[PDB]
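One is the number of the first residue; the rest follow in order along the sequence. Because only heavy atoms are used, hydrogens play no part in the values below, and waters and symmetry mates are left out as well, while side chains stay in.
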Amino acid sequence: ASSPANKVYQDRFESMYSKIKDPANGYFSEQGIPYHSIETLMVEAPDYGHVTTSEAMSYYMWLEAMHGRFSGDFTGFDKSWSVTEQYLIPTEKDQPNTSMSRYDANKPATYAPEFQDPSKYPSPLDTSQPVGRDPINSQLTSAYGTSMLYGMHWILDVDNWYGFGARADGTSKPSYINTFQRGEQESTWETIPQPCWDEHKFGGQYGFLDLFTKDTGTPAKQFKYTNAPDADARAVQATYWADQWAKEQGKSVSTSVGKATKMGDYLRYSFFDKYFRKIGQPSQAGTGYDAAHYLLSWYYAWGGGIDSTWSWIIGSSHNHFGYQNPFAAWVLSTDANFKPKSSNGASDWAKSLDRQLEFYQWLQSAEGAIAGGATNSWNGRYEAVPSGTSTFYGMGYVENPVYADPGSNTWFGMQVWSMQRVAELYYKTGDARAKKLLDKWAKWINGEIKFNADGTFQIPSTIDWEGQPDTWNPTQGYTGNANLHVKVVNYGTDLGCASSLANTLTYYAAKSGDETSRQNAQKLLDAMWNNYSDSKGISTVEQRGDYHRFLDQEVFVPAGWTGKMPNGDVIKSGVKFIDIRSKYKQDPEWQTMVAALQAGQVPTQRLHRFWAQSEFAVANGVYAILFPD
Ligand SMILES: OC[C@H]1O[C@@H](O[C@H]2[C@H](O)[C@@H](O)[C@H](O)O[C@@H]2CO)[C@H](O)[C@@H](O)[C@@H]1O
Ligand SMILES: [Ca+2]
């Protein structure tokens with residue numbers, strides 16, 4: 001029997017759960033897939049409200065796990081896993097084993113440089129540049145009996161809004177698509193949405209392929225998928241809690257545990273340098289594990305031929321603290337129920353847990369906020385790490401890993417999403433490393449929460465950085481990073497971030513006994529319930545400062561290249577964001593937004609992001625469980 005829960009907060013979770021699952025609210029598609037947001041005019045990471053992400057799926061799992069905890073019904077949790085496997089993990093038809101089985105572990109992929117401006121793309125492939133070897137593929141094919149990868153592709157056009165369809169049919173839904181392909185300066189506003197399955201039926205003469213990669217020969221028809229490691233790890237984290245909660249009530253989610261475990265086994269591809277180069281000695285091809293940084297990097301990607309048989313797999317050299325999940329690492333390396341089938345699965349995750357905790361500590365600023373991360377590929381071309389750039393296992397520090405428009409570590413959300421996982425680990429194990437990190441981080445953020453007399457509140461929104469951490473010496477440990485500082489640029493009322501903050505503070509307060517953290521968590525939860533509730537969950541009005549880019553952001557198209565989007569929009573040099581997404585003019589909020597831009601005003605919106613609503617619901621359940629009285 002599960003322990004008693006605080007009835008007040010349990011009721012708030014149930015109310016939110018009902019609002020999120022209410023078909024009249026429109027959070028899900030007819031196929032049962034949650035959208036990024038109810039509203040369609042949405043550009044921030046995905047560029048359309050009704051595309052979904054693996055991130056949304058992992059929140060859907062967490063939400064359903066918590067619901068099973070309170071209702072004793074776990075069929076919704078099992079359903080979230082069925083939808084994920086059916087629509088987000090490429091099937092046999094999507095990643096033909098005929099091509100995947102032709103993968104060569106001694107030559108995983110062909111090197112191509114990364115550039116700091118989208119105008120330098122397509123990037124030319126170079127077969128003469130060294131590529132290390134993949135030590136885990138043989139472990140995976142042996143344990144699972146297939147060459148296909150079991151991980152979630154990160155973004156999905158749920159209703160086929162772009163019109164690419166399934167496997168080039170232009171008519172089916174959902175539709176696998178990808179966006180980001182052109183480096184750190186390619187914001188969400190500067191991409192050319194493309195299909196994952198490219199048969200050359202849309203776009204230009206060779207589909208969209210030669211917009212990104214240049215080869216000596218003619219581009220072949222091919223598929224390609226990209227994983228978002230933080231989402232796959234959150235799926236493991238959510239499944240662990242569903243397994244614990246189910247077992248307390250004599251129920252079982254055995255089948256979902258096996259999928260989560262298999263996913264965590266493949267998730268190890270993110271522990272490796274993009275082209276399997278040695279960590280700390282980027283000019284040399286790796287010989288196996290010497291190319292493993294053991295951190296959850298920006299992505300792992302894979303693809304292969306459609307009409308000819310071949311394939312490739314890449315990891316990522318860039319690491320952001322925001323993606324780490326020491327809790328998922330603890331689960332996969334110590335819990336017998338989640339022991340991966342592969343030979344080195346559990347032990348690699350045990351190595352990741354230690355390395356992740358070292359990474360967080362190395363990045364902790366003088367004040368307490370966690371700085372960006374590190375890369376094993378300077379400028380994405382394995383260049384020499386400049387002057388006295390501090391390093392972590394030979395990897396140079398980067399303030400904003402991967403993206404600079406805007407900087408990936410300028411959003412406060414990374415702080416809470418990542419530290420929440422550290423709080424869960426500390427709660428479960430009492431780990432000293434987790435405690436040291438949290439004691440300092442919590443003290444910082446507790447001094448940044450502002451409560452107003454009218455019930456509203458504000459938390460850090462945009463942050464900035466100065467300096468760099470001291471070079472990591474594993475034996476000396478934390479130096480205090482006196483020359484690394486965080487600065488809060490502006491405050492706001494991001495409800496998803498505040499909910500994630502409440503969650504982190506709740507786990508931390510339950511273990512440490514820190515009253516300040518417990519009352520700030522409850523006050524955040526109460527303030528949101530009382531002052532921001534609406535018929536769809538919670539919401540507030542926010543300014544969309546970058547929406548002017550809808551009309552004035554030019555998209556780079558290489559000289560001489562012309563193509564068409566499925567709806568007929570012409571892709572050619574000179575196009576703006578809106579020119580290759582003309583369907584946006586039919587959005588119900590379009591006139592309102594343009595009218596605001598015309599009047600010289602910053603557009604505002606009241607948004608219902610699926611992850612934020614789920615984050616709030618989960619935060620209430622966590623508090624109900626940890627603080628019953
Ligand atoms: O890319 C991180 C994360 O961003 C989320 O959107 C943020 C956006 O980055 C920020 O500029 C704006 O102020 O707030 C929104 C909402 O928090 C996005 O919703 C996530 O899917 C994405 O992973
Ligand atoms: Ca840019």
Side-chain angles (χ1 to χ4, degrees), residues 99-100 102-138 149 178 180-186 206 209-220 222-227 268-295 297-305 308-319 373-386 389 391 393-396 398 401-402 558:
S99 285
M100 291 312 296
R102 293 290 249 118
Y103 176 70
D104 180 5
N106 299 313
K107 231 298 181 176
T110 296
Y111 171 86
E114 292 178 4
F115 296 112
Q116 284 64 67
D117 193 277
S119 65
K120 289 182 287 169
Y121 289 77
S123 176
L125 291 176
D126 189 348
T127 52
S128 68
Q129 294 311 311
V131 176
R133 57 186 183 189
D134 177 358
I136 70 170
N137 200 79
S138 61
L149 305 198
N178 206 340
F180 304 106
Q181 288 293 324
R182 308 181 286 181
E184 70 172 26
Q185 266 300 327
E186 188 188 46
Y206 301 115
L209 302 167
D210 57 341
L211 280 168
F212 317 120
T213 289
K214 197 202 308 175
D215 219 334
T216 44
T218 180
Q222 57 194 268
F223 61 88
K224 44 275 160 53
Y225 304 101
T226 309
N227 185 265
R268 296 181 295 146
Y269 265 117
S270 72
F271 293 174
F272 296 90
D273 177 86
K274 190 181 192 186
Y275 293 112
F276 295 86
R277 298 281 185 95
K278 290 185 169 65
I279 301 308
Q281 299 189 65
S283 71
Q284 296 172 47
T287 61
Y289 280 102
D290 53 4
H293 47 64
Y294 296 102
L295 298 168
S297 67
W298 205 256
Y299 57 76
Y300 73 83
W302 78 103
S308 56
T309 202
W310 54 276
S311 58
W312 53 272
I313 293 173
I314 64 178
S316 175
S317 307
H318 313 311
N319 301 285
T375 181
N376 191 55
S377 188
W378 202 258
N379 287 332
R381 296 185 300 273
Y382 300 109
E383 294 188 346
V385 168
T389 294
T391 56
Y393 287 88
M395 298 185 287
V398 290
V402 199

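Between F276 and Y269, the ring-plane angle classifies as perpendicular under the 30° and 60° cut-offs. Ring orientation note: the planes of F115 and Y121 are nearly perpendicular, at an angle over 60° on the 30°/60° scale.
Paired with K224 under the rule side chain to side chain contact (heavy atoms under 4.5 Å, CB included), one option of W312, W302, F212 passes, and it is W312.
For the pair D117 (side chain) and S119 (backbone), a donor-acceptor distance under 3.5 Å is present. Within the 3.5 Å criterion, the main-chain N or O of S99 finds a donor-acceptor partner in the side chain of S311. Judged by distance alone, the side chain of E383 and the main-chain N or O of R381 form no donor-acceptor pair under 3.5 Å. No side-chain donor-acceptor contact under 3.5 Å links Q116 to the backbone of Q185. Within the 3.5 Å criterion, the main-chain N or O of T287 finds a donor-acceptor partner in the side chain of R133.
Taking every heavy atom of both residues into account, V398 and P401 meet most closely at CG2-CG, 3.5 Å. Here the shortest heavy-atom pairing between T226 and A301 reads OG1-CB, 4.0 Å. Nearest heavy atoms, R182 versus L211: CD-O, 4.4 Å. Closest of all the heavy-atom pairs between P124 and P113 is O-CD, 3.4 Å. Heavy-atom minimum distance, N376 versus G280: OD1-N, 2.8 Å.
Contact of the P122 side chain with the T213 side chain is not registered, since no non-hydrogen atoms from C-beta on lie closer than 4.5 Å. Using a 4.5 Å cut-off on side-chain heavy atoms (C-beta onward), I314 and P108 make no contact. Put simply, the side chain of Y225 does not reach to within 4.5 Å of the side chain of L149, judged on heavy atoms.
Sorted by first and then second residue, the pairs that involve residues 103-113 and meet side-chain hydrogen bond (donor to acceptor under 3.5 Å, both in side chains), not counting sequence neighbours, are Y103-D134. Listed by first then second residue, pairs satisfying salt bridge (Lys or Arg N to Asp or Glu O under 4.0 Å) with a partner in residues 273-283 read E114-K274, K278-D290, not counting sequence neighbours.
How far CZ of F272 is from CD1 of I136: 5.0 Å, rounded to the nearest 0.5 Å. Rounding to the nearest 0.5 Å gives a distance of 10.5 Å between OH of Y275 and OG of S316. Note that the CD1 atom of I313 and the CG atom of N227 stand 11.5 Å from one another [nearest 0.5 Å]. Taken from OG1 in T389 to CH2 in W378, the straight-line distance is 4.5 Å, to the nearest 0.5 Å. Between atom OG of residue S270 and atom OH of residue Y299 there is a gap of 11.5 Å, rounded to the nearest 0.5 Å. Taken to the nearest 0.5 Å, the NE2 atom of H293 stands 6.5 Å off from the OG atom of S317.
Residue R102 qualifies as open at atom CZ: its count of foreign heavy atoms under 6.0 Å is 12 or below.
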